[PDB]
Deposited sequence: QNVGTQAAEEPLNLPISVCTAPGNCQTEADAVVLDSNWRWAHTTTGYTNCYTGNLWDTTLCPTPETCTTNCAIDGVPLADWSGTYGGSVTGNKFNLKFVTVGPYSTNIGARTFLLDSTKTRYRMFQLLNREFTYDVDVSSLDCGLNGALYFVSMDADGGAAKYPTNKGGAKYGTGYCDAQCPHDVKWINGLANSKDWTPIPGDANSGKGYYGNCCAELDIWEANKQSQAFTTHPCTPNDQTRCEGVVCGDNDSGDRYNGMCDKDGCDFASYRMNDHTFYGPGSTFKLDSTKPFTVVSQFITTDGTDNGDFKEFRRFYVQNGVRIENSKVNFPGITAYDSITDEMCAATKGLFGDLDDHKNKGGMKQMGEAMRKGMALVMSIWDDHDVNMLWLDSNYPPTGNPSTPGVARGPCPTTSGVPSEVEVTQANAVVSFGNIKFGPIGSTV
C-alpha cells in the first residue's frame, strides 16, 4: 500500500520491561500500531474511499495492481485511538475496547520497537515472556488474544516495494490460519475476487491468504483459555492461493502449509474444568487480573538448542499457580506443550497431528529463533462463533468424548451480531509486559 497524507500516524507509547534477574529490569520504550486492515483506504491524490463497508470500489480497483496504484492507507492520530478504535494506554497497561461507536468492531495491534519504524522482534527460545491481563469483561463468544507471528520486522517493505508504510502502518499481517480477510498482502491490495463475509458489515475475503508460523500465548475470555503452537512449512510470511492456504471451505484444512489446529494446551479441554473460571473458588479467578508467565525451554538450555517445551504458570494476588494438567485415564498428566503431549492428546481426541507433519516443536522453535512480532487483539468469530475455544466443538459432539468440550459456554453462544450488542463494552487489558531469561520476570 501507498501511504496517505490525510492523517499522521501516531502509535500509542507502551513501555515494557527487559529483565536480567528477578526484580532487576529496565524499561524499553516501545509502542503499539494498528493493523492496516483497520485503516481508511482512499485515493492517493484525494478523499475518495477505495474500500467502504465490506467492498472495494470496482472503478478504482478493477485489478489489484490498479487498486494499489490508485489507493493509499492513512494514519491513526492520537485522538482517534480511543475515539474511533477503542485503544488506550495508561502507564504500562494497554486497553482494547471491543466495540467503539463510525462503529468499529474488534482490533488487532502490533508492538513497535523504540524507533517506531520496525516491529519489536522477540527471539523467544530459552526466554520467558510475561504480562498481566484482565479478561473479566469478556464472556462467551469473545477472545482477547496475545500471540506471536512470523511477520517481517518491516512488514514486508524490503520484499515488496509497493508497501510504502511497512511496520509503521501495521502492514504484513500473516498467521497460521492463512487468512484471506487481510486487505493488503505482498504490498498489493488483496482485491481480486473479493467477497463480503455475510453478516460482517466490515470484512471480506480476497483471492490470496497470508501464511506464517504462530505462537499463541493467550486465546481467552473469562470462561476458557488456551495456549497453542502453530508451525508452518516454511515458517516465514508466505502469500498463498489454492491448496497451499489450507482453506476450510474447500476441505483443505490439513492440506496447506500451516498447522491450523495447532497443538493446544487448554485447561478445560484437557479435562480440568475447575482450574480457570469467573469466581473466587476456581484456582485462577478470571474476574480479577492475573499474571501469565510463559517459558520456552530448549533441548540444551541454550539459545542454540531446539524448542522442546512451552511451560506455563500464573501469579494472582501474589499467589503462584502452576499450570493445570491433562486429566484422562491412561494419559500422562502433562502440564506443558511438548511433541509427546501433542501426539498423546491428539491420539486420544482423534485429531490429525498436523503439528507433527509440519515439523513439530523443532519447527515452531525455528520461527521463534528468527524472531516473531507481538500481536494484541480483541475479536469475535464469524466462522465458528468461538465454540472451538469455549464450548463444545463440534457443537453436535458428545461433551463426554475427550476433545469435544472446551468450555461451559452454550453452543448457541458467540453469534457475532449478538455478542456485538451484549458485549459492546468488553475491554481486554494487557500490561506490565516483561521479557528476559527463564526465572527473571517475577
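The chain's deposited sequence has one unresolved stretch at 102-104, with no C-alpha coordinates there.
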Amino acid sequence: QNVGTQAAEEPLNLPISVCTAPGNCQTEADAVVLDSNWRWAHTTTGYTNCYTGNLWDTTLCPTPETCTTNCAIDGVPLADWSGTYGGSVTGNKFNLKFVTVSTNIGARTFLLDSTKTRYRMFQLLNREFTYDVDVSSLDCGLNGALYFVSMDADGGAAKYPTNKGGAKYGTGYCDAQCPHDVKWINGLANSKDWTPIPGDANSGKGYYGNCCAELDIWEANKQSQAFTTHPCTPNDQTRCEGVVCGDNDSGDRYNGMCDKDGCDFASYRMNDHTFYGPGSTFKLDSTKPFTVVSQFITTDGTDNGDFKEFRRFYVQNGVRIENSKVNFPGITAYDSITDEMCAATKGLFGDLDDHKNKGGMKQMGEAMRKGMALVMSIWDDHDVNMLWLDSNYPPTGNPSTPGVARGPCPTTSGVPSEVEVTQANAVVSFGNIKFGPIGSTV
From here on, numbers count along this sequence of modelled residues.
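Comparing 195-203 with 116-124, the higher mean C-alpha B-factor in the PDB entry belongs to 195-203.
Mean CA B-factor, 71-79 versus 134-142: the higher value falls on 71-79. Across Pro329, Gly359, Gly277, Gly170, the greatest Cα temperature factor reported in the deposited entry is at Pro329. Across the options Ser377, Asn385, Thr396, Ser391, the residue with the most elevated CA B-factor in the record is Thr396.
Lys97 sits in the middle third of its chain by CA B factor, as recorded in the PDB entry. In this PDB entry, the Cα temperature factor of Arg253 sits in the middle third of its chain's modelled residues. In this PDB entry, the Cα temperature factor of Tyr85 sits in the top third of its chain's modelled residues, the highest group. The entry lists a Cα temperature factor for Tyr268 that places it in the lowest third of the chain's modelled residues. Among all modelled residues in its chain, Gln237 ranks in the lowest third by Cα B-factor.
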